[PDB]
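Structure first, commentary second.
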Amino acid sequence: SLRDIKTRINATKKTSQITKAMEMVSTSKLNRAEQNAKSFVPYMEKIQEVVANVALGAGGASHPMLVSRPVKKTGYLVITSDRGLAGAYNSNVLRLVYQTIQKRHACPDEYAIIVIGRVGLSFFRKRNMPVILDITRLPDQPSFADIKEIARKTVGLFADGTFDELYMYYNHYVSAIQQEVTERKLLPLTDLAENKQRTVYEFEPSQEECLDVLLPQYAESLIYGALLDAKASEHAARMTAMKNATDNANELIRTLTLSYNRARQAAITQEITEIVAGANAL
Amino acid sequence: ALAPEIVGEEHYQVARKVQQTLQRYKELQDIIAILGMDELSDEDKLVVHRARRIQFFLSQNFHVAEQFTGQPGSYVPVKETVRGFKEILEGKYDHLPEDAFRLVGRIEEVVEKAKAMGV
Amino acid sequence: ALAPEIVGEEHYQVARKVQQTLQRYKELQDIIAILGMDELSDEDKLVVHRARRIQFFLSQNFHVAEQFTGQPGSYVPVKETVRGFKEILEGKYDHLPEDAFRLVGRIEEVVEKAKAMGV
Amino acid sequence: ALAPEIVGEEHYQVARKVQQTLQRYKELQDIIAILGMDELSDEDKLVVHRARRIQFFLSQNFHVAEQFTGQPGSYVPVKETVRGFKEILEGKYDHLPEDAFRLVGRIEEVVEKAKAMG
Amino acid sequence: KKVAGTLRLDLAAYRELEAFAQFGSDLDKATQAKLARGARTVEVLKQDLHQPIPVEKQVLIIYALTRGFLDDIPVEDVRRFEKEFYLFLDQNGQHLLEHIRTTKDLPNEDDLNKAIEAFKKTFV
Amino acid sequence: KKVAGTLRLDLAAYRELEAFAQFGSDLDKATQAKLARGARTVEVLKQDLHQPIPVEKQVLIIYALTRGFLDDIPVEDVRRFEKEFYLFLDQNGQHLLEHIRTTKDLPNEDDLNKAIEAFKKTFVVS
C-alpha cells in the first residue's frame with residue numbers, strides 16, 4: 001500500500017537520525033573514560049606495588065586477607081549496565097557467571113551475589129538468586145567515593161568470614177571492536193605483585209595493624225580498576241551497536257524507497273489505462 | 001470559528017495547546033514502536049502521559065449509545081469542558097488511572113469512576 | 001485435511017503448534033531487522049531459537065537433486081515426521097547448532113551431522 | 001573514460017589516490033564535527049592536511065570572472081595538472097601556508113604566491 | 001542584504017543539528033550555543049494574523065538576532081519582547097529609523113550597539 | 001568436475017560469512033579458517049580484460065587453492081603467484097600440461113603435489 005510504505009519510509013528516517021545521535025554522544029563519553037582510565041593507571045601502579053612489596057617482603061603470612069583457608073561458602077561480584085540498548089555487554093558477562101555456578105554448584109546456600117547495574121539485578125530477580133548488596137543509579141562518570149562506602153560494606157562481609165572466597169566478573173577493554181569477558185579473584189590475596197626493589201620501611205606500626213590499612217586500600221583499588229574498565233567498555237559497546245544499527249536503517253531506507261517508486265509508477269499506469277479503456281468504448 | 005475574537009482568549013489558548021500535545025504524540029509513536037518507551041526523556045514521557053488522557057477524555061457517553069453501551073448518557077456545557085481540559089494540561093488529575101477517561105461526560109464523573117476501581 | 005478427524009489428534013496438536021511458533025517469528029522479523037536480538041527479552045529469545053530449528057528442519061535431500069548436489073536423497077515416513085517435530089518443540093535438542101539441521105531426512109541424521117562438526 | 005587504456009596509467013593512479021584521500025577525509029569530518037583535531041591519530045591528521053590542500057588546489061582562477069575580480073585567471077594543460085598533483089601526493093610542497101593553494105593555476109604559482117605572503 | 005546573510009546559514013545548521021541532538025543536553029558547548037540561536041530564530045520569525053511590520057523594524061530585530069544580543073533573553077518571551085523593543089525604538093530611537101528609510105542603508109555600528117545595549121539594560 | 005565441484009562451497013559460504021563477521025563480536029577457529037580459504041578464491045577469481053586462461057591452466061591453479069598449498073601465499077601476492085605459476089608451467093612443467101589436454105583428466109596427484117611444492121620453493125614473498 002502506497003500510504004503505508006510512505007509512512008514506513010518516513011518512520012525509518014527519523015529513527016536513523018536518533019541512532020546517529022547516540023553514536024556521537026557515546027563516542028564523546030568514551031574519550032573521557034579512556035582518558036580517566038589512563039590517569040588512574042599511574043595511581044594504581046604506585047599504591048598496588050608499594051603495598052604488595054611490604055605485604056610480601058620481609059614477613060610471613062599472618063593476615064586473614066593474605067592467608068588461604070578452606071571454603072565453607074563463597075560470593076560473586078558482577079558489574080553490568082544500568083541503561084539498555086548496549087549490545088551483549090550485559091549478556092556475555094551474565095552467561096559466564098550463571099554457567100560458572102550452574103556447572104559447578106550443588107547448593108543455593110553455597111553462593112551469594114553482589115551486583116552493580118539495573119540489568120544484572122533484573123536478571124537475578126527474574127530466574128531466581130539472592131542478592132546481598134545491589135547498588136544502582138551510578139553516574140556516567142564514576143568517582144572513587146561512590147564505591148568507597150559500598151566497598152567498605154563488601155570488605156566487612158569478607159573480613160568477618162561471611163564469604164571465604166570472592167570473585168569479580170566484568171568486561172575488559174582490549175580493542176575498538178573486541179572486548180573480553182574476564183573473571184578475577186578479589187580475595188584472599190593468594191598471589192601478589194612484586195617490584196623486586198624495596199627500601200627500609202618503618203618498623204614502628206604493628207605489622208598486623210599496618211596491614212589493616214593497606215589490605216583494604218588494595219581491595220578498594222582493585223574494585224575501582226574494574227569500574228574504569230567496565231565503563232570504558234560499555235560506552236564502546238553502545239558505540240558499536242549504534243553504528244551497525246544506523247547502517248541497517250539506511251540500507252532499509254534505500255530498499256523501501258525503491259518499492260515506493262515502483263508502486264508510484266504502477267498506479268499512474270493503471271489510472272491511465274482505465275480512463276483510456278472507457279474513452280475507447282465511448 | 002476557532003479565532004480568538006469569536007470564542008475568547010481563554011478558549012483559544014487551551015484549544016491550540018491541546019493540538020500541540022496530540023501532534024507531538026503522533027511523531028513520538030514511531031520512536032516508541034521500534035526503540036521502546038523507556039529510552040526517552042522526562043519531557044517526552046510527560047507528553048505521552050498527558051496525550052493518552054486527553055485522547056480518551058475526548059470520548060463521550062451519548063443517549064443513542066444507550067442502546068449500544070448500556071450506560072444512560074451526558075450533556076457537558078462549554079464552560080465545564082474548558083475547565084476540565086485545562087486541568088488535564090496542568091497535571092492536577094494525572095494521579096488517576098487512564099482507564100477512567102473512556103465514554104464519560106464531565107471531569108467530576110471521572111473522579112468517582114476511579115473510586116470504584118479502588119484508586 | 002488438517003482436520004482433527006482426518007489426520008488424527010496427534011498430527012493435529014503438532015501441526016497447529018508449529019504454525020503458532022512460526023507466525024510469531026514474522027512479527028519479530030521487522031524488529032530484529034534493525035536492532036538485532038538485544039532488544040528481545042525472555043520468551044522472545046526462546047521463540048527465535050526454536051523457530052530457527054523448525055525452519056531448517058523442514059528442508060530435505062531429494063533423489064532428483066542428485067543431478068545438482070552430490071548428496072543421496074531421503075524418504076521420511078509420516079510417523080517419523082510427526083514424531084520429529086515434537087522433540088524440537090519440547091526443547092530436547094536445544095544444544096545442537098543450526099547448520100546441522102539443514103538437508104537431512106529423519107531426525108537421527110541431525111545428531112550424526114552435528115557429531116561430524118563437534119560444535 | 002577514467003580508465004588506464006584511455007587516459008594512460010600515471011593519470012589513472014594519480015586520480016584514484018586523490019579520491020581515496022578525500023573519502024577518508026570525509027569520515028574524519030563527522031569525527032571533527034564532534035571533537036578536536038589533535039584527538040585523531042597522526043595518520044588521520046596527515047589525511048586532513050593533504051586533503052584540505054587538494055580541495056583548494058582543485059579550485060582555479062577563471063578568466064570570465066575577471067570582470068568581477070581584478071585577478072587575471074589561468075588555463076592548465078592536462079600534463080601540468082597530472083605532474084602537479086603527483087608532487088602534492090609525494091608531499092614535496094607540504095611546507096606551505098594553506099591558503100597558498102586558493103584560486104591558483106600551475107603548482108609553481110603556489111611557490112611564488114607563498115613568497116608574496118612572506 | 002547585509003543583515004540577513006547570516007540568518008539563512010543559522011537556520012540550516014539548526015535543521016540538521018536539532019533533528020538529532022535536542023535530547024542530549026550534557027554535551028560540547030559549541031553545539032549547545034548553536035542550538036540556542038535556532039530556537040530563538042524560530043520565535044523571531046513567528047508573527048500574528050492581519051498585522052504587517054514595516055521594513056525598518058524588521059532589519060533592526062534581525063540585526064539583534066544575527067548579532068546575538070538576544071542570547072540573555074529566554075526563548076519563550078521573545079514574542080512579547082519583539083513587540084516591546086519596538087516601543088523603546090519609537091520613543092527614543094528616531095535618529096536610527098529616520099536614516100534607514102532615507103538611505104536604504106545601515107547606520108554606524110557604534111551608535112546601533114549603544115542603542116541596543118542600552119535597551120538591554122532597561123529590559124527585565 | 002573433480003577439482004571444482006567444491007569451489008562453490010568456498011564461495012557461496014564465504015560471501016555470506018563476511019557479512020556477519022564484520023558486525024560480529026567473535027569468530028570461532030573453524031569460522032576463522034573458512035575465511036582465509038574464501039579470501040584467496042575471490043582473488044583467485046579476479047581476472048583482467050581481454051586475457052583468457054587456457055583450461056589446463058585453470059584446473060592447475062584451482063587444484064592448488066583447493067589443496068591448501070596456496071594458503072601460504074599472502075593476499076596481495078596471490079595475483080603475482082598466479083602469473084608466476086602459469087610462466088613456471090610453460091618453462092618447466094610441460095608433462096602435467098600434456099596429460100590434461102590429451103586425456104582430459106587430472107594428472108598424477110603425487111607428481112602434482114611434488115611439482116606444486118617445487119614451485120613454492122622458487123617463489124618469494126613481498
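Following the order of the C-alpha cells, first chain is A, next is B, and so on, with residues numbered from 1 inside each chain and ligands from 1 in the order they appear.
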**Message:** With 10 Å as the limit and counting only C-alpha atoms, what residues in chain D lie close to chain E? Please list them as a list in words.
**Reply:** residues 33, 34 and 35 of chain D
Write the residues you've just listed into a file as a compact mmCIF listing (two decimals), in the first residue's frame, and include N, CA and C atoms for each of them.
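And here is the file that came out, out_24.txt:
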# COMPACT_ATOMS: atom_id res chain seq x y z
N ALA D 33 33.45 17.16 13.56
CA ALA D 33 32.23 17.86 13.94
C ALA D 33 31.89 17.66 15.43
N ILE D 34 32.08 16.46 15.98
CA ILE D 34 32.02 16.23 17.44
C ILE D 34 33.27 16.70 18.22
N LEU D 35 34.49 16.46 17.73
CA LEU D 35 35.73 16.56 18.52
C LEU D 35 36.84 17.42 17.88
**Request:** Using only C-alpha atoms, determine which residues of chain C fall within 12 Å of chain B; present them as a ChimeraX atom specification.
**Result:** /C:28-36,38-40
**Request:** For chain F, report every residue with an atom at most 8 Å from chain A (counting only C-alpha atoms), formatted as a PyMOL selection string.
**Result:** chain F and resi 23+25-26
Please dump the current selection as a short mmCIF file (atom, residue, chain, number, x, y, z; two decimals), in the first residue's frame; keep N, CA, C and O atoms.
data_model
loop_
_atom_site.label_atom_id
_atom_site.label_comp_id
_atom_site.auth_asym_id
_atom_site.auth_seq_id
_atom_site.Cartn_x
_atom_site.Cartn_y
_atom_site.Cartn_z
N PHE F 23 30.23 -7.22 11.39
CA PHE F 23 29.47 -6.75 12.58
C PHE F 23 29.77 -7.64 13.80
O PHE F 23 29.49 -7.19 14.93
N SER F 25 31.00 -9.78 16.94
CA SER F 25 31.94 -9.61 18.08
C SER F 25 33.02 -10.69 18.06
O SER F 25 34.20 -10.33 18.23
N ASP F 26 32.65 -11.95 17.81
CA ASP F 26 33.67 -13.04 17.90
C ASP F 26 33.58 -14.06 16.76
O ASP F 26 32.49 -14.23 16.19
#
**Request:** DSSP on the backbone, then: every residue of segment 11-47 of chain E marked alpha helix (DSSP H), written as a count of residues only.
**Result:** 28
Write out as a Markdown table the residues of chain F that have any atom within 12 Å of an atom of chain C, one row each with the nearest atom pair and its distance in Å to one decimal, counting only C-alpha atoms, sorted by chain and then rising number.
| residue | atom | partner | partner_atom | distance |
| --- | --- | --- | --- | --- |
| F:1 | CA | C:70 | CA | 11.4 |
| F:2 | CA | C:70 | CA | 11.7 |
| F:5 | CA | C:69 | CA | 8.9 |
| F:6 | CA | C:69 | CA | 10.1 |
| F:8 | CA | C:69 | CA | 10.9 |
| F:9 | CA | C:69 | CA | 10.9 |
| F:13 | CA | C:99 | CA | 11.8 |
| F:20 | CA | C:36 | CA | 11.8 |
| F:23 | CA | C:36 | CA | 10.9 |
| F:24 | CA | C:36 | CA | 11.5 |
| F:28 | CA | C:119 | CA | 10.2 |
| F:29 | CA | C:119 | CA | 11.4 |
| F:30 | CA | C:117 | CA | 9.5 |
| F:31 | CA | C:119 | CA | 11.7 |
Neighbour list for residue 57 of chain D as a PDB file with N, CA and C atoms, in the first residue's frame, cut-off 7 Å, only C-alpha atoms, skip fewer than 6 positions in-chain:
ATOM      1  N   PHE D 101      47.129  27.728  -1.708  1.00  0.00           N
ATOM      2  CA  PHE D 101      46.615  26.936  -2.799  1.00  0.00           C
ATOM      3  C   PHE D 101      45.301  27.473  -3.348  1.00  0.00           C
ATOM      4  N   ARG D 102      44.752  28.543  -2.765  1.00  0.00           N
ATOM      5  CA  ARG D 102      43.425  29.016  -3.153  1.00  0.00           C
ATOM      6  C   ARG D 102      43.455  29.735  -4.500  1.00  0.00           C
ATOM      7  N   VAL D 104      44.356  29.220  -7.827  1.00  0.00           N
ATOM      8  CA  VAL D 104      45.667  29.291  -8.457  1.00  0.00           C
ATOM      9  C   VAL D 104      45.701  28.347  -9.658  1.00  0.00           C
TER      10      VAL D 104
END
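Excluding segment 93-105 of chain A itself and same-chain residues fewer than 5 positions from it, the residues having an atom within 10 Å of it are residues 76, 77, 78, 79, 80, 88, 110, 111, 119, 120, 123, 124, 167, 168, 169, 170, 171, 180, 181, 182 and 183 of chain A, counting only C-alpha atoms.
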**Request:** Find the residues near residue 43 of chain B: any atom within 12 Å, counting only C-alpha atoms, skip ones fewer than 3 places away on the same chain, and give them as a ChimeraX atom specification.
**Result:** /B:21,24-25,28,40,46-50 /E:22-23
**Contact residues around segment 12-14 of chain B with only C-alpha atoms at 12 Å, ignoring same-chain residues under 5 positions, as a count of residues only** = 20
**Message:** Need the shell around residue 65 of chain F: protein/DNA/RNA residues with any atom at most 9 Å away, counting only C-alpha atoms. Skip same-chain ones fewer than 6 positions apart. Format as a PyMOL selection string?
**Reply:** chain F and resi 37+40-41+44+71
**Request:** Write out as a list in words every residue belonging to chain A that has an atom at most 9 Å from any atom of chain B, counting only C-alpha atoms.
**Result:**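 Selected residues: residues 11, 12, 14, 15, 18, 83, 84 and 85 of chain A.
Atom CA of residue 161 of chain A is positioned 12.9 Å from atom CA of residue 63 of chain A.
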Can I get the residues of chain E within 8 Å of chain A, each with the closest pair of atoms and their distance in Å to one decimal, using only C-alpha atoms, sorted chain first then ascending number, as a Markdown table?
| residue | atom | partner | partner_atom | distance |
| --- | --- | --- | --- | --- |
| E:19 | CA | A:17 | CA | 7.1 |
| E:20 | CA | A:21 | CA | 5.3 |
| E:21 | CA | A:21 | CA | 6.1 |
| E:24 | CA | A:25 | CA | 7.5 |
| E:27 | CA | A:25 | CA | 7.6 |
